[PDB]
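**Student:** As input, take query34.tsv (TSV, C-alpha atoms):
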chain	number	residue	atom	x	y	z
A	1	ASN	CA	0.00	0.00	0.00
A	2	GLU	CA	1.24	3.47	0.97
A	3	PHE	CA	3.62	4.25	3.84
A	4	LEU	CA	5.06	7.51	5.18
A	5	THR	CA	8.82	7.10	5.47
A	6	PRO	CA	10.08	8.85	8.64
A	7	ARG	CA	12.91	11.21	7.62
A	8	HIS	CA	13.55	13.59	10.53
A	9	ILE	CA	15.59	13.81	13.72
A	10	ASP	CA	14.23	15.98	16.54
A	11	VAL	CA	16.45	15.73	19.63
A	12	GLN	CA	15.63	17.69	22.80
A	13	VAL	CA	18.80	17.87	24.90
A	14	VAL	CA	18.08	18.98	28.47
A	15	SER	CA	21.43	17.85	29.88
A	16	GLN	CA	24.37	15.58	29.10
A	17	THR	CA	22.08	12.67	30.04
A	18	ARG	CA	18.37	11.95	29.53
A	19	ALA	CA	18.01	13.27	25.98
A	20	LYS	CA	14.44	13.00	24.67
A	21	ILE	CA	14.21	12.42	20.92
A	22	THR	CA	11.27	12.30	18.52
A	23	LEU	CA	11.96	10.64	15.17
A	24	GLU	CA	8.92	11.50	13.02
A	25	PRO	CA	5.20	10.75	12.59
A	26	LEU	CA	5.15	6.99	12.00
A	27	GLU	CA	2.43	4.91	10.35
A	28	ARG	CA	-0.50	3.53	12.32
A	29	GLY	CA	0.81	0.53	14.25
A	30	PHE	CA	4.53	1.26	13.81
A	31	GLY	CA	4.88	2.98	17.18
A	32	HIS	CA	5.35	-0.26	19.13
A	33	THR	CA	6.98	-2.56	16.57
A	34	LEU	CA	9.63	0.12	15.93
A	35	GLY	CA	9.91	1.61	19.42
A	36	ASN	CA	10.48	-1.70	21.19
A	37	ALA	CA	12.87	-2.74	18.42
A	38	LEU	CA	15.04	0.35	18.91
A	39	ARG	CA	15.06	-0.17	22.69
A	40	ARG	CA	16.38	-3.73	22.37
A	41	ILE	CA	19.18	-2.47	20.10
A	42	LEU	CA	20.39	0.46	22.21
A	43	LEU	CA	20.42	-1.43	25.52
A	44	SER	CA	22.11	-4.43	23.85
A	45	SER	CA	25.09	-3.29	21.77
A	46	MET	CA	26.48	0.25	21.61
A	47	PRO	CA	30.21	1.01	21.31
A	48	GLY	CA	31.79	2.51	24.40
A	49	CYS	CA	35.09	3.07	26.19
A	50	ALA	CA	36.20	1.50	29.46
A	51	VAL	CA	39.43	0.93	31.38
A	52	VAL	CA	40.51	-2.67	30.74
A	53	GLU	CA	43.82	-2.65	32.65
A	54	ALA	CA	45.46	-0.46	35.30
A	55	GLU	CA	49.12	-0.73	36.32
A	56	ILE	CA	50.37	0.81	39.58
A	57	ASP	CA	54.12	0.99	40.15
A	58	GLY	CA	53.87	0.32	43.90
A	59	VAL	CA	51.44	-2.56	44.40
A	60	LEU	CA	51.68	-6.20	43.31
A	61	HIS	CA	48.12	-7.55	43.59
A	62	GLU	CA	44.77	-5.79	43.95
A	63	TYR	CA	44.28	-7.10	47.50
A	64	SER	CA	47.31	-5.55	49.20
A	65	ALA	CA	46.84	-1.88	50.09
A	66	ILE	CA	49.33	0.98	49.73
A	67	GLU	CA	50.45	3.43	52.39
A	68	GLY	CA	49.36	7.06	52.42
A	69	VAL	CA	45.99	6.43	50.76
A	70	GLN	CA	42.59	5.83	52.36
A	71	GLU	CA	40.75	3.74	49.75
A	72	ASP	CA	41.93	0.20	49.11
A	73	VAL	CA	43.27	-0.93	45.74
A	74	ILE	CA	40.03	-2.82	45.08
A	75	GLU	CA	38.10	0.37	45.87
A	76	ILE	CA	40.37	2.38	43.55
A	77	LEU	CA	39.84	-0.05	40.66
A	78	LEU	CA	36.09	-0.03	41.33
A	79	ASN	CA	36.09	3.77	41.01
A	80	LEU	CA	37.73	3.51	37.58
A	81	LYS	CA	34.72	1.60	36.19
A	82	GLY	CA	32.58	4.74	36.47
A	83	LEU	CA	34.63	6.95	34.15
A	84	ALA	CA	33.05	8.45	31.03
A	85	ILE	CA	35.91	8.37	28.52
A	86	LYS	CA	35.44	9.28	24.85
A	87	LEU	CA	37.95	8.28	22.17
A	88	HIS	CA	38.00	10.20	18.89
A	89	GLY	CA	40.65	8.76	16.57
A	90	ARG	CA	42.13	5.82	18.47
A	91	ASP	CA	41.08	2.31	19.44
A	92	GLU	CA	43.35	1.85	22.49
A	93	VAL	CA	45.13	4.61	24.40
A	94	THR	CA	47.30	4.62	27.53
A	95	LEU	CA	46.60	7.26	30.18
A	96	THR	CA	48.64	8.09	33.28
A	97	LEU	CA	47.99	9.58	36.71
A	98	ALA	CA	50.47	10.93	39.25
A	99	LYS	CA	49.55	13.19	42.18
A	100	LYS	CA	51.25	13.82	45.52
A	101	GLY	CA	50.29	15.56	48.74
A	102	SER	CA	47.04	15.55	50.69
A	103	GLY	CA	44.71	16.01	47.75
A	104	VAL	CA	41.54	14.29	46.61
A	105	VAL	CA	42.41	12.44	43.41
A	106	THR	CA	39.64	13.03	40.86
A	107	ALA	CA	39.18	12.23	37.18
A	108	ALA	CA	40.57	15.65	36.19
A	109	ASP	CA	44.06	14.79	37.48
A	110	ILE	CA	44.67	12.45	34.52
A	111	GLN	CA	47.11	13.83	31.97
A	112	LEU	CA	45.31	15.52	29.10
A	113	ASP	CA	45.38	14.01	25.61
A	114	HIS	CA	44.24	15.15	22.19
A	115	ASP	CA	42.26	12.00	21.35
A	116	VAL	CA	40.99	11.38	24.91
A	117	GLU	CA	38.10	13.24	26.57
A	118	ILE	CA	36.73	12.66	30.08
A	119	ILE	CA	33.16	13.80	30.68
A	120	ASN	CA	32.92	13.47	34.47
A	121	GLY	CA	35.56	15.60	36.19
A	122	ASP	CA	34.16	15.49	39.72
A	123	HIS	CA	34.40	11.69	40.01
A	124	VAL	CA	36.45	10.95	43.13
A	125	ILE	CA	38.95	8.15	42.54
A	126	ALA	CA	40.98	8.08	45.76
A	127	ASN	CA	41.80	10.22	48.79
A	128	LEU	CA	45.47	10.85	49.55
A	129	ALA	CA	47.32	12.14	52.61
A	130	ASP	CA	50.70	13.56	53.57
A	131	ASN	CA	51.99	10.04	54.29
A	132	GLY	CA	52.33	8.92	50.67
A	133	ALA	CA	51.20	9.30	47.08
A	134	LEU	CA	50.08	7.13	44.16
A	135	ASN	CA	51.02	6.81	40.49
A	136	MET	CA	49.32	4.54	37.97
A	137	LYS	CA	48.77	4.01	34.25
A	138	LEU	CA	45.37	3.47	32.63
A	139	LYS	CA	44.66	1.57	29.41
A	140	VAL	CA	41.25	1.92	27.75
A	141	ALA	CA	39.93	0.18	24.65
A	142	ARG	CA	36.89	-0.07	22.38
A	143	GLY	CA	34.22	-2.68	22.97
A	144	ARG	CA	30.56	-3.59	22.48
A	145	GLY	CA	29.28	-5.32	25.62
A	146	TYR	CA	30.27	-6.80	28.97
A	147	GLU	CA	33.59	-8.66	28.81
A	148	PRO	CA	35.12	-9.97	32.06
A	149	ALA	CA	38.82	-10.47	32.68
A	150	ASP	CA	38.51	-14.27	32.50
A	151	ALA	CA	37.12	-14.20	28.94
A	152	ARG	CA	39.60	-11.53	27.78
A	153	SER	CA	55.33	-8.37	35.17
A	154	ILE	CA	53.05	-9.21	38.10
A	155	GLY	CA	51.86	-5.60	38.34
A	156	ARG	CA	49.25	-5.89	35.57
A	157	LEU	CA	45.76	-5.57	37.09
A	158	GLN	CA	43.00	-6.52	34.66
A	159	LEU	CA	39.49	-5.13	35.11
A	160	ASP	CA	36.05	-6.33	34.03
A	161	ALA	CA	35.04	-3.65	31.53
A	162	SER	CA	31.49	-2.81	30.42
A	163	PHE	CA	31.43	-0.98	27.07
A	164	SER	CA	27.87	0.33	27.25
A	165	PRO	CA	27.09	4.07	27.39
A	166	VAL	CA	23.30	3.68	27.67
A	167	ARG	CA	21.71	3.34	31.11
A	168	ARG	CA	17.92	3.48	30.75
A	169	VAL	CA	15.72	3.58	27.64
A	170	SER	CA	11.96	4.18	27.61
A	171	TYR	CA	9.51	5.05	24.85
A	172	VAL	CA	5.95	6.37	24.58
A	173	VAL	CA	3.64	6.55	21.57
A	174	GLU	CA	1.50	9.66	21.10
A	175	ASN	CA	-0.69	10.99	18.29
A	176	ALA	CA	0.66	13.01	15.36
A	177	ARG	CA	-0.92	15.07	12.59
A	178	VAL	CA	0.64	16.29	9.33
A	179	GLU	CA	-2.60	17.54	7.70
A	180	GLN	CA	-2.42	14.56	5.30
A	181	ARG	CA	-3.87	11.57	7.20
A	182	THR	CA	-6.02	11.08	10.30
A	183	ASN	CA	-4.39	8.19	12.20
A	184	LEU	CA	-0.67	8.91	12.57
A	185	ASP	CA	1.53	8.34	15.62
A	186	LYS	CA	4.92	9.65	16.72
A	187	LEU	CA	7.65	7.89	18.71
A	188	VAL	CA	9.45	9.55	21.63
A	189	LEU	CA	12.56	7.85	23.03
A	190	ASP	CA	13.65	8.81	26.55
A	191	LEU	CA	17.26	7.81	26.01
A	192	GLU	CA	19.59	8.25	29.00
A	193	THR	CA	23.35	7.73	28.72
A	194	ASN	CA	26.56	8.66	30.55
A	195	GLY	CA	27.26	11.58	28.21
A	196	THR	CA	29.77	9.69	26.06
A	197	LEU	CA	28.00	9.30	22.70
A	198	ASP	CA	25.65	11.67	20.90
A	199	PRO	CA	21.94	10.77	21.21
A	200	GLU	CA	21.44	11.84	17.59
A	201	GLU	CA	24.29	9.54	16.52
A	202	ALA	CA	22.92	6.59	18.52
A	203	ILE	CA	19.73	6.39	16.44
A	204	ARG	CA	21.62	6.34	13.13
A	205	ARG	CA	23.89	3.66	14.62
A	206	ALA	CA	20.92	1.59	15.82
A	207	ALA	CA	19.11	1.94	12.49
A	208	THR	CA	22.18	0.56	10.71
A	209	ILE	CA	22.29	-2.54	12.93
A	210	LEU	CA	18.65	-3.36	12.19
A	211	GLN	CA	19.11	-2.70	8.47
A	212	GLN	CA	22.18	-4.96	8.31
A	213	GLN	CA	20.27	-7.81	9.99
A	214	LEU	CA	17.45	-7.47	7.44
A	215	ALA	CA	19.54	-7.01	4.28
A	216	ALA	CA	20.76	-10.61	4.60
A	217	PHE	CA	17.20	-11.79	5.35
B	1	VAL	CA	40.44	13.78	67.78
B	2	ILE	CA	41.59	11.53	64.94
B	3	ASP	CA	45.17	12.39	64.00
B	4	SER	CA	45.78	10.51	60.74
B	5	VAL	CA	43.73	7.96	58.78
B	6	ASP	CA	45.44	5.29	56.68
B	7	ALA	CA	43.99	2.34	54.80
B	8	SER	CA	46.01	-0.01	57.05
B	9	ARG	CA	45.92	1.77	60.43
B	10	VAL	CA	44.15	4.56	62.30
B	11	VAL	CA	45.86	6.69	64.96
B	12	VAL	CA	43.83	9.00	67.20
B	13	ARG	CA	44.90	11.81	69.53
B	14	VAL	CA	43.40	11.30	72.99
B	15	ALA	CA	41.52	14.27	74.41
B	16	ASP	CA	42.94	16.34	77.26
B	17	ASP	CA	40.27	15.16	79.74
B	18	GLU	CA	40.23	11.37	79.23
B	19	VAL	CA	43.84	10.65	80.20
B	20	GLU	CA	44.68	8.44	83.17
B	21	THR	CA	48.32	9.50	83.55
B	22	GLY	CA	49.89	12.96	83.29
B	23	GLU	CA	50.82	12.89	79.61
B	24	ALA	CA	49.19	13.40	76.20
B	25	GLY	CA	48.41	9.80	75.24
B	26	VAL	CA	48.16	8.33	71.74
B	27	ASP	CA	46.06	5.32	70.71
B	28	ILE	CA	46.98	3.43	67.52
B	29	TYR	CA	44.58	0.94	65.93
B	30	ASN	CA	46.04	-1.40	63.30
B	31	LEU	CA	43.44	-2.52	60.77
B	32	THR	CA	43.23	-6.16	59.71
B	33	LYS	CA	43.90	-6.52	55.98
B	34	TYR	CA	42.90	-9.44	53.74
B	35	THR	CA	43.21	-12.55	55.91
B	36	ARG	CA	41.80	-16.07	55.74
B	37	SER	CA	38.85	-17.17	57.86
B	38	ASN	CA	37.94	-20.63	59.16
B	39	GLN	CA	35.47	-21.02	56.26
B	40	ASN	CA	37.95	-19.87	53.57
B	41	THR	CA	36.38	-16.41	53.32
B	42	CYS	CA	37.79	-12.89	53.29
B	43	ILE	CA	38.14	-10.70	56.39
B	44	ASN	CA	39.30	-7.08	56.19
B	45	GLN	CA	38.54	-3.72	57.78
B	46	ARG	CA	38.02	-0.36	56.09
B	47	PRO	CA	38.35	3.03	57.82
B	48	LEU	CA	35.26	5.15	58.40
As structure tokens, please, write out the structure in this file.

**Tutor:**
Amino acid sequence: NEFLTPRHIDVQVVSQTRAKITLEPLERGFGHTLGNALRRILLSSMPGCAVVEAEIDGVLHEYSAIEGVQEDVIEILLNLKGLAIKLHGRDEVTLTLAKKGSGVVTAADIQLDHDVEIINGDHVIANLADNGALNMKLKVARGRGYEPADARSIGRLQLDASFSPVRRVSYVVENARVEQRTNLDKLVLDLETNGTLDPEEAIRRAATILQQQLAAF
Amino acid sequence: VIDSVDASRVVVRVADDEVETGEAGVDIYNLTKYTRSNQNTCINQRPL
């Protein structure tokens, strides 16, 4: 018959997270078969960046603690899994961190790079004191989903990385009108991420995954 | 008043009123790190 092809991208950015988008007026009945399909693609596989290995020049294993700091090595590595890192033209970089004195080590203390961008700068990593300091190297990579260290000289500390920028996806279906038909609906995605990827670029990336799985059909 | 807090030990400075002898007084608490239990579990203490 006749179908109205949705060709529009209306993104309402209120903050770095929770970006509400509205694709276009869909056909009658395509609000749920296309909205639930896009939700199962975003929450499943979206490229992200995560720290896969951290090397500290003072500690051997993640269980033994270091002097001068307050958080344990396990607590320090668990704080690295909440970093929002964005890579532009590289697939695997190597960051470093070195701070002394009685200062709260945050995500902004990492050495700046041209192809590395950190969204969260107030993320507390560790708390130091006048007794000692810490110095470590960070290695991030590109991935698609959850990959533990078991499925992936003695100072190498591997971490279970989760390459998923999306956190919560919800969709509602309302009524639309283009002065052409009577029964037309629009789709509104309440996409919420960690601020790494663009919400307008996530829809074009999710539409390509669905189209590639149907081209071979 | 707590003097210094470390991940492995906590040293406090005793107040001027709660001292038995005629000196300052310093209490040092060593925290138990990762040790083995009778049921092969982990036991460790974290400062608060």

**Student:** Could you list, as a list in words, every residue of chain B that has an atom within 7 Å of an atom of chain A, counting all atoms listed in the file?

**Tutor:**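 My answer is residues 5, 6, 7 and 34 of chain B.
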
**Student:** Excluding residue 14 of chain B and its own-chain neighbours fewer than 2 positions away, which residues fall within 12 Å of it when counting all atoms listed in the file? Please give them as a VMD selection string.

**Tutor:** chain B and resid 1 to 3 11 to 12 16 to 21 23 to 28

**Student:** For the atom pair atom CA of residue 115 of chain A and atom CA of residue 88 of chain A, what is the interatomic distance in Å to one decimal place?

**Tutor:**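 Between these atoms lies a distance of 5.2 Å.
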
**Student:** What does the distance from atom CA of residue 150 of chain A to atom CA of residue 78 of chain A come to in Å, to one decimal?

**Tutor:**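 Result for atom CA of residue 150 of chain A versus atom CA of residue 78 of chain A: 16.9 Å, one decimal.
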
**Student:** Could you list, as a list in words, every residue within 10 Å of segment 59-62 of chain A, counting only C-alpha atoms and ignoring same-chain residues fewer than 2 positions away?

**Tutor:** residues 55, 56, 57, 64, 65, 66, 72, 73, 74, 75, 76, 77, 134, 136, 153, 154, 155, 156, 157 and 158 of chain A

**Student:** Rounded to one decimal place, report the atom CA of residue 107 of chain A-atom CA of residue 43 of chain A distance in Å.

**Tutor:** 26.0 Å

**Student:** Quick one: residues within 12 Å of residue 180 of chain A, all atoms listed in the file counted, chain neighbours fewer than 4 positions away excluded, as a short mmCIF file (atom, residue, chain, number, x, y, z; two decimals) with C-alpha atoms, in the frame of the given file?

**Tutor:**
data_model
loop_
_atom_site.label_atom_id
_atom_site.label_comp_id
_atom_site.auth_asym_id
_atom_site.auth_seq_id
_atom_site.Cartn_x
_atom_site.Cartn_y
_atom_site.Cartn_z
CA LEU A 4 5.06 7.51 5.18
CA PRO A 25 5.20 10.75 12.59
CA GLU A 27 2.43 4.91 10.35
CA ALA A 176 0.66 13.01 15.36
CA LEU A 184 -0.67 8.91 12.57
#

**Student:** Using the incomplete input, complete segment 15-40 of chain B to the level of N, CA, C and O atoms; output as a PDB file, in the frame of the given file.

**Tutor:**
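Saved the output as selection11.pdb:
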ATOM      1  N   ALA B  15      41.903  12.957  73.912  1.00  0.00           N
ATOM      2  CA  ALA B  15      41.520  14.270  74.410  1.00  0.00           C
ATOM      3  C   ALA B  15      42.251  14.588  75.713  1.00  0.00           C
ATOM      4  O   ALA B  15      42.808  13.712  76.378  1.00  0.00           O
ATOM      5  N   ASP B  16      42.237  15.872  76.073  1.00  0.00           N
ATOM      6  CA  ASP B  16      42.940  16.340  77.260  1.00  0.00           C
ATOM      7  C   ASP B  16      42.289  15.874  78.555  1.00  0.00           C
ATOM      8  O   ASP B  16      42.968  15.816  79.586  1.00  0.00           O
ATOM      9  N   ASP B  17      41.004  15.525  78.530  1.00  0.00           N
ATOM     10  CA  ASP B  17      40.270  15.160  79.740  1.00  0.00           C
ATOM     11  C   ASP B  17      40.312  13.672  80.043  1.00  0.00           C
ATOM     12  O   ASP B  17      40.378  13.290  81.216  1.00  0.00           O
ATOM     13  N   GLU B  18      40.271  12.819  79.022  1.00  0.00           N
ATOM     14  CA  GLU B  18      40.230  11.370  79.230  1.00  0.00           C
ATOM     15  C   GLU B  18      41.636  10.770  79.135  1.00  0.00           C
ATOM     16  O   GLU B  18      41.956   9.974  78.254  1.00  0.00           O
ATOM     17  N   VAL B  19      42.483  11.173  80.079  1.00  0.00           N
ATOM     18  CA  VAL B  19      43.840  10.650  80.200  1.00  0.00           C
ATOM     19  C   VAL B  19      44.052  10.215  81.637  1.00  0.00           C
ATOM     20  O   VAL B  19      43.829  10.999  82.568  1.00  0.00           O
ATOM     21  N   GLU B  20      44.478   8.963  81.821  1.00  0.00           N
ATOM     22  CA  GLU B  20      44.680   8.440  83.170  1.00  0.00           C
ATOM     23  C   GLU B  20      45.947   8.999  83.799  1.00  0.00           C
ATOM     24  O   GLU B  20      45.941   9.403  84.968  1.00  0.00           O
ATOM     25  N   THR B  21      47.040   9.031  83.044  1.00  0.00           N
ATOM     26  CA  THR B  21      48.320   9.500  83.550  1.00  0.00           C
ATOM     27  C   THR B  21      48.446  11.007  83.303  1.00  0.00           C
ATOM     28  O   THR B  21      47.474  11.691  82.973  1.00  0.00           O
ATOM     29  N   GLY B  22      49.653  11.540  83.475  1.00  0.00           N
ATOM     30  CA  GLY B  22      49.890  12.960  83.290  1.00  0.00           C
ATOM     31  C   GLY B  22      50.591  13.301  81.997  1.00  0.00           C
ATOM     32  O   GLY B  22      51.469  14.169  81.973  1.00  0.00           O
ATOM     33  N   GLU B  23      50.217  12.627  80.910  1.00  0.00           N
ATOM     34  CA  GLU B  23      50.820  12.890  79.610  1.00  0.00           C
ATOM     35  C   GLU B  23      49.740  13.107  78.549  1.00  0.00           C
ATOM     36  O   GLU B  23      48.553  13.210  78.873  1.00  0.00           O
ATOM     37  N   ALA B  24      50.148  13.180  77.281  1.00  0.00           N
ATOM     38  CA  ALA B  24      49.190  13.400  76.200  1.00  0.00           C
ATOM     39  C   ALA B  24      48.392  12.131  75.905  1.00  0.00           C
ATOM     40  O   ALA B  24      47.159  12.129  75.993  1.00  0.00           O
ATOM     41  N   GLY B  25      49.079  11.046  75.554  1.00  0.00           N
ATOM     42  CA  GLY B  25      48.410   9.800  75.240  1.00  0.00           C
ATOM     43  C   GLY B  25      48.031   9.678  73.782  1.00  0.00           C
ATOM     44  O   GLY B  25      47.381  10.569  73.226  1.00  0.00           O
ATOM     45  N   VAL B  26      48.436   8.581  73.146  1.00  0.00           N
ATOM     46  CA  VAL B  26      48.160   8.330  71.740  1.00  0.00           C
ATOM     47  C   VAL B  26      47.744   6.879  71.574  1.00  0.00           C
ATOM     48  O   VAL B  26      48.474   5.971  71.986  1.00  0.00           O
ATOM     49  N   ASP B  27      46.576   6.657  70.978  1.00  0.00           N
ATOM     50  CA  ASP B  27      46.060   5.320  70.710  1.00  0.00           C
ATOM     51  C   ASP B  27      46.206   5.024  69.219  1.00  0.00           C
ATOM     52  O   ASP B  27      45.817   5.842  68.379  1.00  0.00           O
ATOM     53  N   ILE B  28      46.761   3.858  68.900  1.00  0.00           N
ATOM     54  CA  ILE B  28      46.980   3.430  67.520  1.00  0.00           C
ATOM     55  C   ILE B  28      46.229   2.130  67.297  1.00  0.00           C
ATOM     56  O   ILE B  28      46.428   1.156  68.033  1.00  0.00           O
ATOM     57  N   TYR B  29      45.368   2.114  66.283  1.00  0.00           N
ATOM     58  CA  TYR B  29      44.580   0.940  65.930  1.00  0.00           C
ATOM     59  C   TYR B  29      45.042   0.435  64.567  1.00  0.00           C
ATOM     60  O   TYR B  29      44.896   1.134  63.559  1.00  0.00           O
ATOM     61  N   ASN B  30      45.596  -0.774  64.542  1.00  0.00           N
ATOM     62  CA  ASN B  30      46.040  -1.400  63.300  1.00  0.00           C
ATOM     63  C   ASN B  30      44.883  -2.178  62.694  1.00  0.00           C
ATOM     64  O   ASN B  30      44.294  -3.040  63.354  1.00  0.00           O
ATOM     65  N   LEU B  31      44.561  -1.877  61.440  1.00  0.00           N
ATOM     66  CA  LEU B  31      43.440  -2.520  60.770  1.00  0.00           C
ATOM     67  C   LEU B  31      43.863  -3.849  60.169  1.00  0.00           C
ATOM     68  O   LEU B  31      44.965  -3.986  59.631  1.00  0.00           O
ATOM     69  N   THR B  32      42.974  -4.835  60.263  1.00  0.00           N
ATOM     70  CA  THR B  32      43.230  -6.160  59.710  1.00  0.00           C
ATOM     71  C   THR B  32      42.984  -6.139  58.208  1.00  0.00           C
ATOM     72  O   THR B  32      41.872  -5.837  57.761  1.00  0.00           O
ATOM     73  N   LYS B  33      44.014  -6.456  57.430  1.00  0.00           N
ATOM     74  CA  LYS B  33      43.900  -6.520  55.980  1.00  0.00           C
ATOM     75  C   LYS B  33      43.378  -7.891  55.570  1.00  0.00           C
ATOM     76  O   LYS B  33      42.885  -8.663  56.396  1.00  0.00           O
ATOM     77  N   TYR B  34      43.484  -8.212  54.280  1.00  0.00           N
ATOM     78  CA  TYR B  34      42.900  -9.440  53.740  1.00  0.00           C
ATOM     79  C   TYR B  34      43.520 -10.671  54.379  1.00  0.00           C
ATOM     80  O   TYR B  34      44.672 -11.016  54.097  1.00  0.00           O
ATOM     81  N   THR B  35      42.757 -11.345  55.237  1.00  0.00           N
ATOM     82  CA  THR B  35      43.210 -12.550  55.910  1.00  0.00           C
ATOM     83  C   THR B  35      42.196 -13.664  55.677  1.00  0.00           C
ATOM     84  O   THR B  35      41.058 -13.425  55.265  1.00  0.00           O
ATOM     85  N   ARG B  36      42.627 -14.890  55.948  1.00  0.00           N
ATOM     86  CA  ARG B  36      41.800 -16.070  55.740  1.00  0.00           C
ATOM     87  C   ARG B  36      40.985 -16.374  56.989  1.00  0.00           C
ATOM     88  O   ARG B  36      41.477 -16.242  58.113  1.00  0.00           O
ATOM     89  N   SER B  37      39.736 -16.779  56.784  1.00  0.00           N
ATOM     90  CA  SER B  37      38.850 -17.170  57.860  1.00  0.00           C
ATOM     91  C   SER B  37      38.815 -18.696  57.979  1.00  0.00           C
ATOM     92  O   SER B  37      39.435 -19.421  57.198  1.00  0.00           O
ATOM     93  N   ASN B  38      38.075 -19.187  58.975  1.00  0.00           N
ATOM     94  CA  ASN B  38      37.940 -20.630  59.160  1.00  0.00           C
ATOM     95  C   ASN B  38      37.135 -21.278  58.041  1.00  0.00           C
ATOM     96  O   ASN B  38      37.284 -22.481  57.806  1.00  0.00           O
ATOM     97  N   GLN B  39      36.287 -20.513  57.353  1.00  0.00           N
ATOM     98  CA  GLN B  39      35.470 -21.020  56.260  1.00  0.00           C
ATOM     99  C   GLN B  39      36.014 -20.616  54.893  1.00  0.00           C
ATOM    100  O   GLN B  39      35.263 -20.621  53.911  1.00  0.00           O
ATOM    101  N   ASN B  40      37.298 -20.260  54.817  1.00  0.00           N
ATOM    102  CA  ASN B  40      37.950 -19.870  53.570  1.00  0.00           C
ATOM    103  C   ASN B  40      37.261 -18.656  52.936  1.00  0.00           C
ATOM    104  O   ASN B  40      37.004 -18.615  51.732  1.00  0.00           O
TER     105      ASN B  40
END
